[PDB]
>>> print(open('start_7.txt').read())   # compact mmCIF, N, CA and C atoms
# COMPACT_ATOMS: atom_id res chain seq x y z
N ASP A 1 81.75 152.22 54.23
CA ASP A 1 82.24 153.34 53.44
C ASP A 1 81.56 153.55 52.10
N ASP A 2 80.60 152.81 51.75
CA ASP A 2 79.81 152.93 50.53
C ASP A 2 78.92 154.15 50.53
N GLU A 3 78.15 154.29 51.53
CA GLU A 3 77.42 155.48 51.90
C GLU A 3 78.28 156.23 52.90
N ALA A 4 78.39 157.47 52.76
CA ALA A 4 79.32 158.33 53.48
C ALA A 4 79.10 158.57 54.91
N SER A 5 77.87 158.64 55.32
CA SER A 5 77.48 159.06 56.61
C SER A 5 78.05 158.32 57.76
N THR A 6 77.77 157.07 57.92
CA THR A 6 78.18 156.26 59.02
C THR A 6 78.18 154.82 58.85
N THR A 7 78.94 154.12 59.60
CA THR A 7 79.01 152.71 59.68
C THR A 7 77.97 152.14 60.63
N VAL A 8 77.59 152.77 61.62
CA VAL A 8 76.69 152.35 62.70
C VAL A 8 75.36 152.23 62.20
N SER A 9 74.76 153.26 61.89
CA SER A 9 73.49 153.31 61.39
C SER A 9 73.35 153.12 59.90
N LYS A 10 73.97 152.27 59.36
CA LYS A 10 73.97 151.97 57.96
C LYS A 10 72.91 150.95 57.63
N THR A 11 71.79 151.43 57.17
CA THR A 11 70.61 150.68 56.80
C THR A 11 70.22 150.90 55.37
N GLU A 12 69.00 150.52 55.00
CA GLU A 12 68.44 150.76 53.67
C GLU A 12 68.30 152.25 53.35
N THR A 13 67.86 153.06 54.31
CA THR A 13 67.78 154.53 54.16
C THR A 13 69.16 155.16 53.89
N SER A 14 70.21 154.59 54.48
CA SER A 14 71.61 154.93 54.20
C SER A 14 72.03 154.49 52.79
N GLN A 15 71.69 153.27 52.38
CA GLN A 15 71.98 152.71 51.04
C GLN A 15 71.29 153.47 49.89
N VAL A 16 70.09 154.01 50.13
CA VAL A 16 69.31 154.82 49.17
C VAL A 16 70.04 156.11 48.75
N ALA A 17 70.79 156.72 49.66
CA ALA A 17 71.53 157.97 49.40
C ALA A 17 72.55 157.87 48.25
N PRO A 18 73.27 156.74 48.08
CA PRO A 18 73.92 156.45 46.79
C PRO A 18 73.03 155.74 45.77
N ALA A 19 72.27 154.74 46.19
CA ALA A 19 71.40 153.94 45.32
C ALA A 19 70.16 153.53 45.97
>>> encode(input="start_7.txt", output="structure tokens")
Amino acid sequence: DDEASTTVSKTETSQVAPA
């Protein structure tokens, strides 16, 4: 829930969207 998009595909590219 840190990055909004998804739990599944939660990688570095996902983490970049907040930080």
>>> residues_around(input="start_7.txt", residues="residue 1 in chain A", least_positions_apart="3", cutoff="12 Å", atoms="only C-alpha atoms", output="PDB file with N, CA and C atoms, in the frame of the given file")
ATOM      1  N   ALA A   4      78.390 157.470  52.760  1.00  0.00           N
ATOM      2  CA  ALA A   4      79.320 158.330  53.480  1.00  0.00           C
ATOM      3  C   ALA A   4      79.100 158.570  54.910  1.00  0.00           C
ATOM      4  N   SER A   5      77.870 158.640  55.320  1.00  0.00           N
ATOM      5  CA  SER A   5      77.480 159.060  56.610  1.00  0.00           C
ATOM      6  C   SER A   5      78.050 158.320  57.760  1.00  0.00           C
ATOM      7  N   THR A   6      77.770 157.070  57.920  1.00  0.00           N
ATOM      8  CA  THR A   6      78.180 156.260  59.020  1.00  0.00           C
ATOM      9  C   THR A   6      78.180 154.820  58.850  1.00  0.00           C
ATOM     10  N   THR A   7      78.940 154.120  59.600  1.00  0.00           N
ATOM     11  CA  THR A   7      79.010 152.710  59.680  1.00  0.00           C
ATOM     12  C   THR A   7      77.970 152.140  60.630  1.00  0.00           C
ATOM     13  N   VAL A   8      77.590 152.770  61.620  1.00  0.00           N
ATOM     14  CA  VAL A   8      76.690 152.350  62.700  1.00  0.00           C
ATOM     15  C   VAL A   8      75.360 152.230  62.200  1.00  0.00           C
ATOM     16  N   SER A   9      74.760 153.260  61.890  1.00  0.00           N
ATOM     17  CA  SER A   9      73.490 153.310  61.390  1.00  0.00           C
ATOM     18  C   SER A   9      73.350 153.120  59.900  1.00  0.00           C
ATOM     19  N   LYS A  10      73.970 152.270  59.360  1.00  0.00           N
ATOM     20  CA  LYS A  10      73.970 151.970  57.960  1.00  0.00           C
ATOM     21  C   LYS A  10      72.910 150.950  57.630  1.00  0.00           C
ATOM     22  N   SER A  14      70.210 154.590  54.480  1.00  0.00           N
ATOM     23  CA  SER A  14      71.610 154.930  54.200  1.00  0.00           C
ATOM     24  C   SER A  14      72.030 154.490  52.790  1.00  0.00           C
ATOM     25  N   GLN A  15      71.690 153.270  52.380  1.00  0.00           N
ATOM     26  CA  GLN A  15      71.980 152.710  51.040  1.00  0.00           C
ATOM     27  C   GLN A  15      71.290 153.470  49.890  1.00  0.00           C
ATOM     28  N   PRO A  18      73.270 156.740  48.080  1.00  0.00           N
ATOM     29  CA  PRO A  18      73.920 156.450  46.790  1.00  0.00           C
ATOM     30  C   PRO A  18      73.030 155.740  45.770  1.00  0.00           C
TER      31      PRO A  18
END
>>> select_by_dssp(input="start_7.txt", residues="chain A", states="alpha helix (DSSP H)", output="ChimeraX atom specification")
/A:12-16
>>> axis_aligned_box(input="start_7.txt", around="range 2-8 of chain A", padding_each_side="5 Å", output="JSON")
{"center_x": 78.0, "center_y": 155.6, "center_z": 56.6, "size_x": 15.2, "size_y": 16.9, "size_z": 22.2}
>>> atom_distance(input="start_7.txt", atom1="atom N of residue 17 in chain A", atom2="CA of residue 2 in chain A")
9.8 Å
